[PDB]
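Just one chain follows, in the form deposited in one PDB entry, and it is written as structure tokens.
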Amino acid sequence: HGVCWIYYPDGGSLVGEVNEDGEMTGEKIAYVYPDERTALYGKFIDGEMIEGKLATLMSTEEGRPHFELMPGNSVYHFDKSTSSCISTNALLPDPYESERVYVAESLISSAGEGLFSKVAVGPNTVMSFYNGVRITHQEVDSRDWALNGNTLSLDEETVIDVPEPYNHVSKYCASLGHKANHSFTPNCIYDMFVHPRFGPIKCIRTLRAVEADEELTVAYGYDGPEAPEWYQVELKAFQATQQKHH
């Protein structure tokens, strides 16, 4: 039988035999993460994940994938956030992210928590997901700017936010992208990502080879005019230490 592999620009894919309407509908469909090994296998309807069981892509034979279910009954489903509901299982971690990153005290003085690599990876590796509630740019701009620590732009219309109390891992740990701190010498970037559980979000992708236990950092997008005070102070301190030609 025929099998269709739909790769997203981020490297992840949807794989399965399509139905008679050319739809990704059935009991043996899978979402495969960018490592081409970690998979969520099971029931999908028109490419939407209804029941995706944690599995490993063991091999492929002429485009036909062979999956092995992972023990532990880790199950996922499409659960795209709204402006107020971040997730319906806030404490169920993403399996791909769980094996790549962890949260610990930041190496940046007084910067709270940070995001760290659990493993050695090459450049251009998806490490973490930036999921959150979906709000407009106008809502972010119009509201009290002190509520905008975790507001990451998705596109010209939408912002992804991780508001209180979900910015604490004890209340929300389905994704951990909101834990990466700012640096003017970052080792990661935010990039688009099409997630089977979270829907259209952003991810943290390495810019270079990263070693295990390095802090993962991204250059934040300000402008700068009305940037947070910690950013303005860091900009001046960073500039003062840059070596110059005499």
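Quick note: we count residues from 1 along the sequence shown, nothing fancier. Each form is matched to the other, and the largest set of C-alpha atoms that superpose within 1.5 Å is called the rigid core.
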Is 60 to 68 or 188 to 196 the stretch whose C-alphas end up farther from this model in 7 other deposited structures of this protein after a rigid core fit?
-> 60 to 68
Is the larger C-alpha RMS shift in 7 other deposited structures of this protein, relative to this form with the rigid core superposed, found in 89 to 97 or in 134 to 142?
-> 134 to 142
Go through the other compared entries with residues on either side of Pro225 and state whether a third or more give it no coordinates.
-> yes
With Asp223 and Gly224 adjacent in the shown sequence, let me know how many deposited residues between them lack coordinates: none, 1 to 3, 4 to 9, or 10 or more.
-> 4 to 9
Averaged over C-alpha atoms, is the B-factor higher for 194 to 202 or for 61 to 69 in this PDB entry?
-> 61 to 69
Name the higher of the two by mean Cα B-factor in the PDB entry, 88 to 96 versus 131 to 139.
-> 131 to 139
So among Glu113, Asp144, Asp79, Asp161, who wins on Cα B-factor in the entry?
-> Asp144
Chain-relative C-alpha B factor for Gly42 (record values, thirds): the middle
Check where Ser74 lands among this chain's C-alpha B-factors and tell me if it's the lowest, middle or highest third.
-> highest
Lowest, middle or highest third: where is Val126 by Cα B-factor in its chain?
-> lowest
Split the chain's modelled residues into thirds by Cα B-factor; is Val169 in the lowest, middle or highest one?
-> lowest
Grab the CA temperature factor for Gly11 from the record and place it in the lowest, middle or highest third of its chain.
-> middle
